[PDB]
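Engineer: sequence, then the experimental structure. Questions to follow.
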Amino acid sequence: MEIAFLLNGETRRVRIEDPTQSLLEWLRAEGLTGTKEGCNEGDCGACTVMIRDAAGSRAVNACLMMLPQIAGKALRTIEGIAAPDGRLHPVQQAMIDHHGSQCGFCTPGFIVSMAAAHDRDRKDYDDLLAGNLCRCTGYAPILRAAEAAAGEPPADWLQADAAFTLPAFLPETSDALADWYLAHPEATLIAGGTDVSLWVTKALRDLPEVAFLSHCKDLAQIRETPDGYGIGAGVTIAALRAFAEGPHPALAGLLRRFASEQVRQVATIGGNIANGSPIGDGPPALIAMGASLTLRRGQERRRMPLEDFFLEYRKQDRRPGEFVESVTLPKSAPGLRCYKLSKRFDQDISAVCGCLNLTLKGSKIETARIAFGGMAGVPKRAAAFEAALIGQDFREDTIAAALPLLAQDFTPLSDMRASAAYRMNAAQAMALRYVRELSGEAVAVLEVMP
Amino acid sequence: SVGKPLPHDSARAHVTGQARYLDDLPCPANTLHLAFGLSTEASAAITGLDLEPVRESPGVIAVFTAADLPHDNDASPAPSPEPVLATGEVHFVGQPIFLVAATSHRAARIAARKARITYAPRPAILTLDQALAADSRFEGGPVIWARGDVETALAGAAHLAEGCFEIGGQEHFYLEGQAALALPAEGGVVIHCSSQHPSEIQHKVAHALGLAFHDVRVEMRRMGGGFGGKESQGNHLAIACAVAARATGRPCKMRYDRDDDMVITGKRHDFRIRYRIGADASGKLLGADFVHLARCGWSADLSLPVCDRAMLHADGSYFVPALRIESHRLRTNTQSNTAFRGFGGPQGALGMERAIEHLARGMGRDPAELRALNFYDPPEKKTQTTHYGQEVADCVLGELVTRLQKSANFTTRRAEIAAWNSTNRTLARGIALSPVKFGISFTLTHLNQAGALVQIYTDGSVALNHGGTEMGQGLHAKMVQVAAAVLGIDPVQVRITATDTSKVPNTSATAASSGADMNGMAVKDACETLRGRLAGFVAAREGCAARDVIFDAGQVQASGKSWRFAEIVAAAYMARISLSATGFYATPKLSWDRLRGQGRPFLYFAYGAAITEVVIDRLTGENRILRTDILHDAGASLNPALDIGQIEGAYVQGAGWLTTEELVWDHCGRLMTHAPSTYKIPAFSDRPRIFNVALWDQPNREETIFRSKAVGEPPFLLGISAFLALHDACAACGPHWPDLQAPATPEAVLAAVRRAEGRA
Ligand SMILES: Cc1cc2nc3c(=O)[nH]c(=O)nc-3n(C[C@H](O)[C@H](O)[C@H](O)COP(=O)(O)OP(=O)(O)OC[C@H]3O[C@@H](n4cnc5c(N)ncnc54)[C@H](O)[C@@H]3O)c2cc1C
Ligand code: XAX
Ligand SMILES: Nc1nc2ncc(CO)nc2c(=O)[nH]1
Ligand code: FES
Ligand code: FES
Ligand SMILES: [Ba+2]
């Protein structure tokens, strides 16, 4: 089982004997030592590498990326950012000018992230470089570098890779996968690999029976159904956020604070749902906006409201040989809001994740769709709080009066992220916040101007 | 070259990815890889230890117990012992019990978990009150220093403010984690490691192997950050490596995985500070009374000097006529806490900063004004002293703060926030100014020494070597600048060489911000010896006085004639004059008694101030720093650029300590925050949206290297202004005292909001 790919402008063919080996491992075993291991967990971006294909170019974490995934793609590492002749990237030079490096260990990751941003001409440096942790500089000099480099023309040698291409199961079509997974139910389906790769790197597990879904085009589609949007399980979080910009600015707002840019490029919506995490941020959003899930088993196809898929803690409504195929979101959801709470804003896991969605019959509450993450063992709606809210007036005092009922809906946990007290308080705090934001009051601290 | 904003010594090498770190260095095909087998109990005796499944595990070459160690089993920087491998008992969850040597890093980590260890558990001493209740402590009692009589002062104070608050610890999170490599080289070993103190590595490895010091050679080129976390925590790896290298006959490499790293190694000492501060009717301080309860962990490490510095900085920035500290260094069944940028300094200063803020609010005066009224007097019959009796005669704080407040627009903004606050009810803004007075030097006097070794080659080019280690602070760049300045040459001609115990022996740890300070001097000494030799030669050859020979801009000038530096050196070579010299410096004037808390521990103090502005969500506690303004005294800066960078970074790290970074242990002493997904250092957008840093540029009173000031640690304390601003935002929410605790997480902020609001 041999794969080929463009490594820093030069073609390379590789026999894959261990399907689970990360790209970071391979690069360093090759001597391409410029890619650093910072944590091997996704959070620090010290291993950021730049991949390219038909879809464009993006910066990803090398440590989460397993080899069979870069098959057919063009890969660019730090030691490939500078020109063949030796000339530095506008990004690299600017970083030397503006003192963007101190100890230098995170510099390779940043350069790669900035170069990819430079290639795609993207200037939202806060969200882009959130994935790259630095402990020395205080970030200020790196911003000066990024802005100074932005005025320069793109590296043409980096763009020359776009000419390219134009043991472990890798399906071509959705039907092909449905065939194989039906025969191999006990299999480890790897999509983005941003959860699965932590079982090998951290949990030191071994995965037999492996299949990579990130090579199925038809599974990674956003299509328009005459009732909403058919979003396949293969659609990446970044792409989902990209699409949501228009129809659902609330979801796009939330997905901005979903992981980092490097994780969002490869991590998928089907995997986020199929991980079945209580602190997952995909489900509560979609459950609040009334989205349905579609499961597939060969030629069989089940459909349901997303909240019903989640039965219990680490327990889902999944048959043997059944996989997550897609989700359907309605065309509009104007009353939707998304509240993610965590110690830090960027690149964090939610303590509480409030998702409120009310519709109004002019002053009075028609429908209550209020869903929470990190409040239970499963992402679920606030049944008693919702029921008590229907028929009431949409004003602070009424919502304030129903707040005790949330303490019947959930009995939250205490851990390193938050105490149960605070989690409970936050869920109640988000309800008052929803009424205030809808009444034109200033509520978001991130929106404040210096 | 000194004073030019020149770039870091490996700036291009960093940016290209060509800069080598330990795990990057190429080594022999047969290099073994090491991993520790860690304890799962907080306090137990080891009844049984079955390492059979560990040996059977694939790729494993050797497995080691404490019993398998030849000679010493100690890695403590203390006089007291701290085992590398556990000896019959365990003292915290994450203590190395055994050592695995496998053919791959992965294979060793896999094998490390395969052990079968049976424990006889004892009651653990996890919390401060427990340690205090069970008398679990170090030094056999609390260290107490008194200046004047607090008890009598506070009894007749016009305004009194008592209180107590927690200040959490801090994980260093240097991007390059702990790492070492041993190479057995004919009867002796060569160690490469990511360490701030290669001399102690040598000292430890030597005892570990039972070799004389001249048989252990440590080389260290660069760290991927250190922050104090690599001042002693490196010992364990280098010992394990040399021990395994000795036993297996082949090279051994060890690097902690990020999750091992946080579980094993120490952190910043988390303190509890109880305070009693008092002032008179005019607002001058009458007395301040402090008790420090410091968490040390299972082992001594560097707790003794850390808590000494917390006490030394308990005055903060202010003159207090009567002051007492009661410093309990408490032993707990947790990680052996260690050095961290500031070295207890921030902890003690914050105690003073919270108390003075409390007092300010308690009597209802603008904290800025009360702080201003109470600074040490400016230079120019008697100079004020610290509580430890050291004269403060370089205090610029009064003027500095006045400058900063003009440029930061302090009085206008503070009024603008007041109005904005009364427009909102969900959001609140806060602003605060925090001063920094930080003493420079090791409190352990004899460690205030550094050495250098300089070679001039016949082609004119120079090879520079000093005792200090590069962890990102631009130390090598500063020394190159100093060297090229003293010799009168272009800094291009000076090449820095990796830190080597065989080149410069008996070095101290690169700590106390004294790195550039003492090595600057040491380099200057070596260069002046060399410049002197060349000047003397030219003067003889040209017939005149040595002092009349000018060395400038790569040109030498004597008797109206002028040569290039290379021309003179080559000629001096031909003349048979040594082009090699050692340099050495010891900090003068330092003498103090630790036990009585009297004397002059510091050569000078470093000053600075920061004005921070923040927003808080009153519903959830969410918050961010909107604007920061810093005016820091770097003295006559060696490098303006490098220094601004240090301030920029140390601020963000100081603020991060008091905001989003939080260590959490479970009910069993298991560290729950042991990954970057649970420990949250400031991310890209966490930076001040308006970040203004300006150097207070005035030469140092004391004779330091080109009258610069140590800029490494002092700015870390500027992060206090962020915690003070966060408190100011909470105080804007109601009549009550907020009582904000450190760190000020969204949860901790919301608690302080609702206290001022008075909501149960
Ligand atoms: C640094 C970092 C930050 C993160 N931050 C967040 C966050 O903010 N919010 C959040 O919700 N999550 C976060 N996560 C975890 C999150 O669950 C994943 O990153 C991602 O959303 C899952 O998508 P994936 O394709 O990577 O899943 P994978 O890792 O590919 O798979 C996860 C699980 O789903 C299964 N699976 C995948 N695809 C399918 C399918 N099509 N059908 C059936 N089963 C499938 C796999 O077998 C596996 O059990 C973070 C992870 C990292 C490493
Ligand atoms: N980039 C970067 N800058 C840094 C550090 C770092 O790791 N990386 N660490 C410090 C510390 S922490 Mo201490 O006594 O050990 S507790 S000494 C010290 C320091 C070391 O450099 P001198 O000032 O001695 O030359 O500067 C700081 N600036
Ligand atoms: N920053 C700092 N580090 C130290 N390290 C070791 C020692 C040894 O006692 N002292 C100190 C000190 O006083 N300050
Ligand atoms: S190693 Fe930290 S993200 Fe890849
Ligand atoms: S520069 Fe030292 S970690 Fe980013
Ligand atoms: Ba540490």
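Structural biologist: That came in fine, so what should we check first? Residues are numbered from 1 along each chain as shown, chains lettered A, B, ... in the order given. Ligands and ions are numbered 1, 2, ... in the order given.
Engineer: residue B:478 and residue B:521 touch, don't they?
Structural biologist: No - using Cβ atoms under 8 Å, residue B:478 makes no contact with residue B:521, being 11.8 Å away. From N, CA and C alone the C-beta is placed, and that goes for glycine too.
Engineer: more crowded one of the two?
Structural biologist: Legend: neighbour count by other Cβ atoms under 10 Å in any protein chain shown for residue B:478 and residue B:521, higher for residue B:478 (31 against 26).
Engineer: any residue of the helix or strand containing the more buried one up close to ligand 5?
Structural biologist: Per DSSP states H and E: residue B:478 is located in helix B:475-487. No - Helix B:475-487 lies apart from ligand 5 when judged by Cβ under 6 Å from any ligand atom; the minimum separation is 13.3 Å.
Engineer: please see if that helix touches ligand 2.
Structural biologist: Yes - if you take Cβ under 6 Å from any ligand atom as the test, helix B:475-487 does meet ligand 2, through residue B:475.
Engineer: do stretch B:492-503 as well
Structural biologist: No - residues of stretch B:492-503 are not located near ligand 2 by Cβ under 6 Å from any ligand atom, the shortest gap being 12.4 Å.
Engineer: tell me which residues of that stretch come out buried.
Structural biologist: For stretch B:492-503, a neighbour-count test (16 or more other Cβ atoms under 10 Å in any protein chain shown) marks B:493, B:494, B:495, B:496, B:498, B:499, B:500, B:501, B:503 as buried.
Engineer: ok, the last one - contacts?
Structural biologist: With contacts defined as Cβ atoms under 8 Å, 6 or more residues apart in numbering or on different chains, residue B:503 is in contact with B:453, B:465, B:497.
Engineer: just name the closest of those residues to ligand 2, please.
Structural biologist: residue B:465 (15.6 Å; Cβ to the nearest ligand atom).
Engineer: doesn't the closest one lie inside a strand?
Structural biologist: Yes - counting by DSSP: H, G, I helix; E, B strand; the rest coil, residue B:465 is found in a strand.
Engineer: residue A:323 and residue A:15, how far apart?
Structural biologist: Counting by Cβ to Cβ, to the nearest Å, the gap from residue A:323 to residue A:15 is 29 Å.
Engineer: more neighbours, these two?
Structural biologist: It is residue A:323, of residue A:323 and residue A:15, that has more neighbours when counted by other Cβ under 10 Å, with 25 against 8.
Engineer: the more buried one pairs with what?
Structural biologist: Using DSSP bridges, the beta-bridge partners of residue A:323 come out as residue A:296.
Engineer: ok, it to residue A:229 distance?
Structural biologist: For residue A:323, the distance to residue A:229 (Cβ to Cβ) stands at 20 Å.
Engineer: and residue B:117, what does it touch?
Structural biologist: Residue B:117 is in contact with B:37, B:39, B:40, B:46, B:48, B:49, B:50, B:97, counting by Cβ under 8 Å, 6+ apart.
Engineer: give me the neighbour count for the residue lying closest to residue B:85 once chain neighbours are set aside.
Structural biologist: Leaving aside its sequence neighbours, residue B:85 sits nearest to residue B:66 (Cβ to Cβ, 6 or more residues apart in numbering or on different chains; 4.0 Å). Counted by other Cβ under 10 Å, the residues lying close to residue B:66 total 17.
Engineer: residue B:94 - nearest residue in space that isn't next to it in sequence?
Structural biologist: residue B:263 (3.8 Å).
Engineer: how much space separates the one you found from residue B:64?
Structural biologist: Residue B:263 sits 19 Å away from residue B:64, going by Cβ to Cβ.
Engineer: repeat that for residue B:167.
Structural biologist: With distances taken as Cβ to Cβ, residue B:167 is found 38 Å from residue B:64.
Engineer: how about the helices in the stretch 451-600 of chain B?
Structural biologist: With helices called from DSSP state H, counting those that start in this stretch, the stretch 451-600 of chain B shows them at B:475-487, B:514-542, B:565-574.
Engineer: can you check the stretch 1-150 of chain A too?
Structural biologist: Going by DSSP H, counting those that start in this stretch, the stretch 1-150 of chain A shows helices at A:23-29, A:90-97, A:107-119, A:125-128, A:140-150.
Engineer: ligand 3: which of those helices is closest?
Structural biologist: Comparing these by their distance to ligand 3 (Cβ to the nearest ligand atom), the top pick is helix A:140-150, with 24.9 Å.
Engineer: the closest one packs against which elements?
Structural biologist: For helix A:140-150, the packing partners by 3 or more Cβ pairs under 8 Å, 6 or more residues apart in numbering or on different chains; DSSP states H and E come out as helix A:90-97, helix A:107-119, helix A:125-128, helix B:640-657.
Engineer: can you rerun that using 7 Å?
Structural biologist: In this structure, helix A:140-150 packs against helix A:90-97, helix A:107-119, helix B:640-657, with contacts taken as 3 or more Cβ pairs under 7 Å, 6 or more residues apart in numbering or on different chains; DSSP states H and E.
Engineer: and those: which comes nearest residue B:257?
Structural biologist: helix A:107-119 (18.1 Å; Cβ to Cβ).
Engineer: could the C-alpha coordinates of the closest one be exported in CSV?
Structural biologist: Listed next in CSV are the C-alpha coordinates belonging to helix A:107-119 (Å, rounded to 0.1, in the frame of the first residue of the first chain):
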residue,chain,number,x,y,z
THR,A,107,8.6,30.1,15.1
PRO,A,108,8.5,27.3,12.5
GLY,A,109,4.8,26.7,13.2
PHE,A,110,4.0,30.4,13.0
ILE,A,111,5.9,30.9,9.8
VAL,A,112,4.0,28.0,8.2
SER,A,113,0.7,29.3,9.5
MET,A,114,1.5,32.9,8.3
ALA,A,115,2.8,31.7,4.9
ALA,A,116,-0.5,29.7,4.3
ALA,A,117,-2.4,32.8,5.4
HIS,A,118,-0.2,34.8,3.0
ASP,A,119,-0.9,32.3,0.1
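Engineer: give me the domain ranges for the chain.
Structural biologist: I went with chain A, as the question did not name one. Domain assignment for chain A by curated CATH domains gives A:1-80, A:81-166, A:169-218, A:219-332, A:337-440.
Engineer: was after chain B, sorry
Structural biologist: Here the domain parsing of chain B from curated CATH domains is B:1-123, B:137-171+B:266-391, B:172-265, B:394-443+B:603-759, B:444-602.
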